[PDB]
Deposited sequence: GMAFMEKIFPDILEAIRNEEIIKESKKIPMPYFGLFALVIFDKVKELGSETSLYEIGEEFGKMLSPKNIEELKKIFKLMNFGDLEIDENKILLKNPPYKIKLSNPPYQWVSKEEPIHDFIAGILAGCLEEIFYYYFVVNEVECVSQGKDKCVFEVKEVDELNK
């Protein structure tokens, strides 16, 4: 599309993000649903799209990863940097006040966000992670909990 050049600049410009229109999450999620209906005739997943999305956000450090989530309005990420610098995986990342708080489901629903975390983390630390959501607000928990490996 013709608008795509302008989008990569926009995500680097915090003033554009702050001054831009804000769209309710449901419509955001409708977009994905509609495409996946015209992706199927071919196959990717939402985790994988999140991985590419987080690559593209390319945060500089964990603090910028936290700020980008607040900008996006995806909630408050808890990440222990001190543990990340020093200790070995698994790491654990919590997400408070995430999108789709109104959804009730047996299994965790934030696959897209898990991928985002995976791709942002490789952009910061320059090696590949896999991120798996093991608890979710969807199950009546207070926070989403994501285990981070490799």
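Colleague: Given the full deposited sequence, which segments carry no C-alpha coordinates?
Modeller: Gaps vs deposited seq, in order: 1 to 5, 46 to 47, 158 to 163.
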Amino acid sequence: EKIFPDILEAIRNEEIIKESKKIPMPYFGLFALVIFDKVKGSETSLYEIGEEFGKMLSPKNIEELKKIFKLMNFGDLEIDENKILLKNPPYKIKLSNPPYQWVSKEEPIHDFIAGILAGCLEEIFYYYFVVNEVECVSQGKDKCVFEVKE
From here on, numbers count along this sequence of modelled residues.
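Colleague: If you average the Cα B factors in the entry, which is higher, 55 to 63 or 84 to 92?
Modeller: Taking the mean C-alpha B-factor of 84 to 92 and of 55 to 63, the larger value falls to 84 to 92.
Colleague: Pick between 99 to 107 and 37 to 45: the one whose mean CA B-factor in the entry is higher.
Modeller: Comparing 99 to 107 with 37 to 45, the higher average CA B-factor belongs to 37 to 45.
Colleague: Could you say whether, by C-alpha temperature factor, residue 11 belongs to the lowest, middle or highest third of its chain?
Modeller: Highest third of the chain for residue 11's C-alpha B-factor.
Colleague: Lowest, middle or highest third: where is residue 28 by C-alpha B factor in its chain?
Modeller: Highest third, going by the recorded CA B-factors of the chain.
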